[PDB]
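In what follows, a structure is listed as structure tokens, so that the remarks can point back to it.
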Amino acid sequence: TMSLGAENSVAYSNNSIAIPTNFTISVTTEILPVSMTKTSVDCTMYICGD
Amino acid sequence: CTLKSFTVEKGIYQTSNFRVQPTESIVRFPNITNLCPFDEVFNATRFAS
Ligand SMILES: *[C@@H]1O[C@H](CO)[C@@H](O[C@@H]2O[C@H](CO)[C@@H](O)[C@H](O)[C@H]2NC(C)=O)[C@H](O)[C@H]1NC(C)=O
Ligand SMILES: *[C@@H]1O[C@H](CO)[C@@H](O)[C@H](O)[C@H]1NC(C)=O
């Protein structure tokens, strides 16, 4: 049975806050297709040839 | 003829396909020439059951 993710209980209370004291500059990749292979078909020569 | 119109707008149009035609015909058969014995089959006096 697959694992959905790691268990993480957030320590919520009505008067506590969590403030970051540092940071990481993270660079991530996103790959997006833009174009296809442009194809042309001669219908008569595909079906019948010569 | 492709666009079915007498006025063709500006652009590039796929119309047909160029192909170089065959120039002559060559027939290549085996050089051995033997008279084929169809006379033994169809002119036989008696056939089998
Ligand atoms: C904030 O985080 C950066 C890393 O993201 C810390 O920089 C590192 O500091 C240690 C100790 O001085 C060095 O050994 C590392 O080489 C540092 N890394 C880089 C990439 O510079 C930084 O010290 C942190 N600052 C605070 C205030 O927590
Ligand atoms: C076929 O057989 C007949 C006799 O049955 C003969 O007269 C005739 O010439 C034969 N034909 C050939 C092509 O051999």
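Methodologically, a virtual Cβ is constructed for each residue, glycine included, from the backbone with ideal geometry; neighbour enumeration extends over all protein chains shown. We did not get these values from a lab; they are worked out from the coordinates using the rules stated.
Mind checking Rg over Rh on chain B, alpha carbons, Kirkwood formula for Rh? Don't skip to the end; give the middle numbers.
Details: Rg = 29.3 Å, Rh = 18.7 Å.
Using Cα coordinates only, the ratio equals 1.57.
Can you classify chain A as rounded, prolate or oblate using the Cα gyration tensor, where a ≥ b ≥ c are the square roots of its eigenvalues, rounded means a/c under 1.5, and otherwise it's prolate if a/b beats b/c and oblate if not?
Details: a/c = 6.29, a/b = 3.17, b/c = 1.99.
Since a/c reaches 1.5 and a/b is larger than b/c, the shape of chain A is classed as prolate.
Using a simple spin-label model with points 7 Å from Cα along the Cα→Cβ vector, what separation in nm is obtained for A:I19 and A:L32?
3.7
Could you run the Debye sum over the Cα atoms of the protein assembly as shown, one equal point scatterer each and no solvent, and tell me log10 of I(q)/I(0) at q = 0.10, 0.14, 0.22 Å⁻¹, two decimals?
Result of the Debye calculation: -0.82, -1.03, -1.33.
Can you work out ³J(HN,Hα) from phi for every residue in the stretch B:24-33, in order, using Karplus 6.51 cos²θ - 1.76 cosθ + 1.60 and θ = phi - 60°, giving whole Hz and x for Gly and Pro?
Residue by residue, the stretch B:24-33 yields 9, 9, 10, 10, 10, 10, x, 6, 6, 10 Hz.
Mind checking which of B:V20, B:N43, B:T7 is farthest towards the positive end of chain B's charge dipole, using Cβ charges of +1 (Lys, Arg) and -1 (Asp, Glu) about the Cα centre?
Among B:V20, B:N43, B:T7, the one farthest towards the positive end of the dipole of chain B is B:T7.
Once every DSSP H run of n ≥ 4 in chain A is given -39500 (n - 2.57) and the sum is divided by its residues, what mean residue ellipticity at 222 nm do you get, rounded to the nearest 500 deg cm²/dmol?
Working: 1 runs with 5 residues, N = 50.
Helix contribution divided over all residues of chain A: -2000 deg cm²/dmol.
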